[PDB]
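[1] this is the structure alone, sequence omitted:
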RNA sequence: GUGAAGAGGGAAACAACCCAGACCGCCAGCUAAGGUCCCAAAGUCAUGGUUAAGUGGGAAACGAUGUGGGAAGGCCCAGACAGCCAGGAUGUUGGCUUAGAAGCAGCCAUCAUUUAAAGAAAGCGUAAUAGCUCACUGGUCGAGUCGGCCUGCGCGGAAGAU
RNA sequence: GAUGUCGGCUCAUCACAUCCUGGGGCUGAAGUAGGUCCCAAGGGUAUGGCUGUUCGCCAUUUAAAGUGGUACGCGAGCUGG
């Protein structure tokens, strides 16, 4: 699992292992895991902007009184 | 499968502490002796270790023999201690311990900084003779294994650090 | 090691053992037998 | 492995184990000092004819002290003398360089009797048959 | 040597034989003498792993069906085009 | 079933000779070592002793199908069994012939005419006076009991009454 | 047959494929092929078997002590299987070859002998002799194991202009 | 009712089946060196001549003188042999 991209430069694919992506900047494994689950352009941007992950275990969301949900 | 059927019957005075799947073997004359059984479920009884299938795996007897082997090796490590005297052939190489550190030369311009895991201790009578002491059968060979990283018994003239069983065997040119 | 395909028994101690999805010939007579893949 | 074997093999002429080449390398390789063996073999060789190579089978302890059985000359030396042959054919069965009767064979077999383990003087004879066969003597009834 | 069983054929035709082979059963007949051929169904892997010994064919067979026993020896074998598996075997009274 | 008869036959074969033996002797080696065994077969044909080397699986199944005397505790661990139905002293002599290039503590026990003979005692049976020397010790024993003991006691009560 | 002379459903969709043959309208309902975690309409479906490869969900030659089940069968506590240890002998360091030439440098013999027992040797090995594992024998050893065959599942072979 | 060419220059780009350093197995490899040999697309990757020349030959550099594709890349960039 190496998260394939070609943003625009240099011969080759460029890559990053799932482990680098969870150990450093940990948001992104789960971020580009839900990305492909939402439709096309406009509706898929509109569904996405409601979510936040931050880095992990550093949340600021005490004051709203969050409703717990188990998966 | 016959060595998965061995009831072990652990010795008197070895402390085998069971958290269900995690087992910690303690006693005198070594440190840091443990197993995480993850493929197989291990019940202790009072001392008769019994091996069977774990949730989310399908292979059988295959790690149950390993559990037997690995738990009993550990038990045997704390009781008598498995042989401790290790040694190397080839002039000018060495493995002289000075404290927690193993001093050797490889012609390198840096200090090699080869050092012991926390799960072993060592001392040396002579610069080519090393005695590693502990009660985990895996660790004593894991530091040997790193010592061997660039000093394997060579396949021609055989020089290297020599210990226990090793799967390079040495070979000859065709017979004279 | 040479990469190859299909593993055969070169000497009476070629055990032949499956490490990952590739079968290694590992022998304990001669170091000469290490075919990496099967 | 102790690296111990009973009945390690040697063949050296009864007056020539004073030099090392007639003993060859093997003895040295299992660590029996050649002079010490030479003195001990000389004490037991006087009823044996000199220069006839005697097989001697040694059993060895840990500390490399050694014990030795000395034997009457090979069935192959005796068979060469009795057939009027210097040497064997160098091919078994196909090549003939002579012939042997049973009565010359039963006496070769008694000359080995105290070394031969067999329970019958016929079994002992039977054992030396394939030694005549190898050297191009036909064993005739 | 072998003591086996058989059933008499419920269904005949091509359409009928193929639903037995879907179920890992196969057919037979015992011919010879003055008397009729007894058409029968067998179980496939009952005789496949017997016929691993050469004794299924070298020695006669006890085949009991509706309590009738006549004694029999194997005859010529029909096998599937590209599998050794038995499509049909013939038998003669012995 | 077995592929061969050798393992099942030998159980019957060992019980047969070993009830019958007037002496047999059960001794230890786990690899009897060839120089000595062949030297014990060489001599064995002089003396008329027979020797089999035999597994504790066979010896246990033998005790189970057939009753044995005074050897069936010495079958435990690695075992040779040498046995004689004739000249019982010679069976025991064979162990002093094996003791010469090898160890004498290896006997666990023996039986001799239904008697248990313990490991230490059998070195004495193997000493084996000849018939003239046997008659002569039977006389020393009777001349001892006759006149030697007689004076031995009367001196020992005379010393004791004499007071200091 | 379908398109040509056809809507609508599914397929990453096309001209032809699988369903099917658009009268128009109805915030009606069912069923088809094709679907049923999100994308996206419905099953993270229940029951039993099985696998470590994202195999599944990309193809052949070919091969192997990768992995499981099965019935029929040999071995199968009278002790397997074969690991671990220990013996591995008597003529014999057989003949030739050689300083020695020893099962294993090369070649021919390829056996016989006391044996409860050890091939004049399968494989290794100072290049060779020496030592070594190996059945078989005797300690440990007290249960599965192997050939045939049916069968679920795996493997590498399968490296490219973006 | 048209994607318009070779050789060369300019400017590049992507596949690794890597020209090379680098890590490492085998070797009938003593060590060195080579043969054998797996990983790897990151970076650097020479120049004058003759011919219309792809291809050729020669002189020379470089530790070294690579492999493949782009309307036979690239005239809504350059030539008219």
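    Arrived safely, thanks for sending. Numbering: from 1, shown residues only, chains lettered A, B, ... in the order given.
[2] so which residue of chain F comes closest to chain D?
    residue F:35 (4.2 Å; Cβ to the nearest Cβ). Every residue, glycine included, has its C-beta placed from N, CA and C.
[3] right, and that residue touches residue D:5 too?
    No. Using Cβ atoms under 8 Å, residue F:35 is not in contact with residue D:5; the gap is 9.9 Å.
[4] between the two, which one's more packed in?
    residue F:35 (18 against 15; other Cβ atoms under 10 Å in any protein chain shown).
[5] quick one: residues contacting the more buried one.
    D:6, D:7, D:57, D:59, F:101 (Cβ atoms under 8 Å, 6 or more residues apart in numbering or on different chains).
[6] swap the cut-off to 10 Å and go again
    Shown in contact with residue F:35 (Cβ atoms under 10 Å, 6 or more residues apart in numbering or on different chains): D:5, D:6, D:7, D:57, D:58, D:59, D:60, D:67, D:69, F:101, F:102.
[7] which residues do residue F:35 and residue D:5 both contact?
    Joint contacts of residue F:35 and residue D:5 (Cβ under 10 Å, 6+ apart) are D:58, D:59, D:60.
[8] and the residue lying closest to the last one once chain neighbours are set aside, how far is that from residue D:5?
    Right, the one you point to is residue D:60. Leaving out its chain neighbours, the residue that sits closest to residue D:60 by Cβ to Cβ, 6 or more residues apart in numbering or on different chains is residue D:66, at 5.1 Å. Residue D:66 is 12 Å from residue D:5, where distance means Cβ to Cβ, to the nearest Å.
[9] same question for residue D:117.
    The value you get for residue D:117 to residue D:5, if Cβ to Cβ is used, is 18 Å.
[10] burial count for the nearest residue to residue E:31 once chain neighbours are set aside?
    Distances taken as Cβ to Cβ, 6+ apart put residue E:37 closest to residue E:31, at 4.5 Å, once the chain neighbours are dropped. Other residues lying near residue E:37 total 13 when counted by other Cβ under 10 Å.
[11] wait, residue E:37 sits on residue E:72?
    No. Between residue E:37 and residue E:72 there is no contact under Cβ atoms under 10 Å: 11.9 Å.
[12] any shared contact partners between these two?
    E:28, E:30, E:31, E:91.
[13] list the buried ones in the strand or helix carrying the last one?
    In other words, residue E:91. Assigned by DSSP states H and E, residue E:91 falls within strand E:86-93. Using 16 or more other Cβ atoms under 10 Å in any protein chain shown as the test for burial, strand E:86-93 gives E:86, E:89, E:91.
[14] which residues touch the first one?
    Under the criterion of Cβ under 10 Å, 6+ apart, the neighbours of residue E:86 are E:26-28, E:42, E:44-45, E:47-48, E:51, E:77-80.
[15] let's have those residues in JSON lines, adding distance to residue D:122, neighbour count and secondary structure.
    JSON lines is the format used below for these (distance: Cβ to Cβ, whole Å; neighbours: other Cβ atoms under 10 Å in any protein chain shown; DSSP: H, G, I helix; E, B strand; the rest coil):
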{"residue": "E:26", "distance to residue D:122": "64", "neighbour count": "23", "secondary structure": "strand"}
{"residue": "E:27", "distance to residue D:122": "67", "neighbour count": "21", "secondary structure": "strand"}
{"residue": "E:28", "distance to residue D:122": "63", "neighbour count": "21", "secondary structure": "strand"}
{"residue": "E:42", "distance to residue D:122": "62", "neighbour count": "19", "secondary structure": "strand"}
{"residue": "E:44", "distance to residue D:122": "62", "neighbour count": "17", "secondary structure": "helix"}
{"residue": "E:45", "distance to residue D:122": "59", "neighbour count": "12", "secondary structure": "helix"}
{"residue": "E:47", "distance to residue D:122": "56", "neighbour count": "19", "secondary structure": "helix"}
{"residue": "E:48", "distance to residue D:122": "56", "neighbour count": "15", "secondary structure": "helix"}
{"residue": "E:51", "distance to residue D:122": "52", "neighbour count": "17", "secondary structure": "coil"}
{"residue": "E:77", "distance to residue D:122": "57", "neighbour count": "13", "secondary structure": "strand"}
{"residue": "E:78", "distance to residue D:122": "63", "neighbour count": "11", "secondary structure": "strand"}
{"residue": "E:79", "distance to residue D:122": "59", "neighbour count": "12", "secondary structure": "strand"}
{"residue": "E:80", "distance to residue D:122": "64", "neighbour count": "12", "secondary structure": "coil"}
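[16] residue contacts, the residue of chain A found nearest chain D?
    Proximity of chain A to chain D (Cβ to the nearest Cβ) peaks at residue A:19, 47.3 Å away. Residues in contact with residue A:19 (Cβ under 10 Å, 6+ apart) are A:1, A:29.
[17] got phi/psi on it?
    phi -70, psi -30 (degrees, to the nearest 10).
[18] what residues are up against the residue nearest to the spatial centre of chain E?
    Residue closest to the average C-alpha location in chain E (Cα atoms, centre = their mean): residue E:28, at 3.9 Å. By Cβ under 10 Å, 6+ apart, the residues touching residue E:28 are E:6, E:9, E:37-42, E:47, E:63, E:72, E:75, E:86, E:88-91.
[19] can you list the domains in chain D?
    Domain segmentation of chain D under CATH domains of a matching chain yields D:1-71, D:72-141.
[20] try chain B
    B:8-80, B:86-162.
[21] need those domains in TSV (columns: mean neighbour count).
    Listed next are the domains of chain B as TSV, based on neighbours: other Cβ atoms under 10 Å in any protein chain shown:
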stretch	mean neighbour count
domain B:8-80	16
domain B:86-162	16
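[22] which residues in chain F form helices?
    F:6-20, F:34-47, F:56-65, F:88-98, F:122-125, F:131-143, F:149-161 (DSSP state H).
[23] typo on my end, it should be chain A
    A:18-23, A:28-34, A:42-48.
[24] any buried residues in the shortest one, and which?
    Put plainly, it is helix A:18-23. Applying 16+ other Cβ under 10 Å to helix A:18-23 flags residue A:21 as buried.
[25] rewinding a little: shared neighbours, residue D:66 and residue D:5?
    Common neighbours of residue D:66 and residue D:5 (Cβ under 10 Å, 6+ apart) are D:30, D:58, D:59, D:60.
[26] need the three-state assignment for the closest residue to residue F:42 other than its chain neighbours.
    Nearest non-adjacent residue to residue F:42, counting by Cβ to Cβ, 6+ apart: residue D:117, 6.1 Å away. Three-state assignment for residue D:117 (DSSP: H, G, I helix; E, B strand; the rest coil): coil.
[27] measure stretch D:37-47 end to end?
    End-to-end distance for stretch D:37-47: 18 Å, by Cα to Cα, to the nearest Å.
[28] may I see the buried residues of that stretch?
    D:37, D:38, D:40, D:41, D:45.
[29] distance to RNA strand H added to those residues, as a markdown table?
    Compiled in a markdown table, the buried residues of stretch D:37-47 are given as follows (distance: Cβ to the nearest atom of the strand, whole Å):
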| residue | distance to RNA strand H |
| --- | --- |
| D:37 | 34 |
| D:38 | 36 |
| D:40 | 40 |
| D:41 | 39 |
| D:45 | 44 |
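[30] so which of these sit within helices?
    D:37, D:38, D:40, D:41.
[31] for chain B, what lies in contact range of chain C?
    B:154, B:155, B:156, B:165, B:166, B:167, B:168, B:169, B:170, B:171, B:172 (Cβ under 10 Å from any Cβ of the partner chain).
[32] nearest to residue F:66, of those?
    Using Cβ to Cβ, residue B:165 comes nearest to residue F:66 of those, at 45.1 Å.
[33] give me every residue that touches the closest one.
    Contacts of residue B:165 (Cβ under 10 Å, 6+ apart): B:141, C:28.
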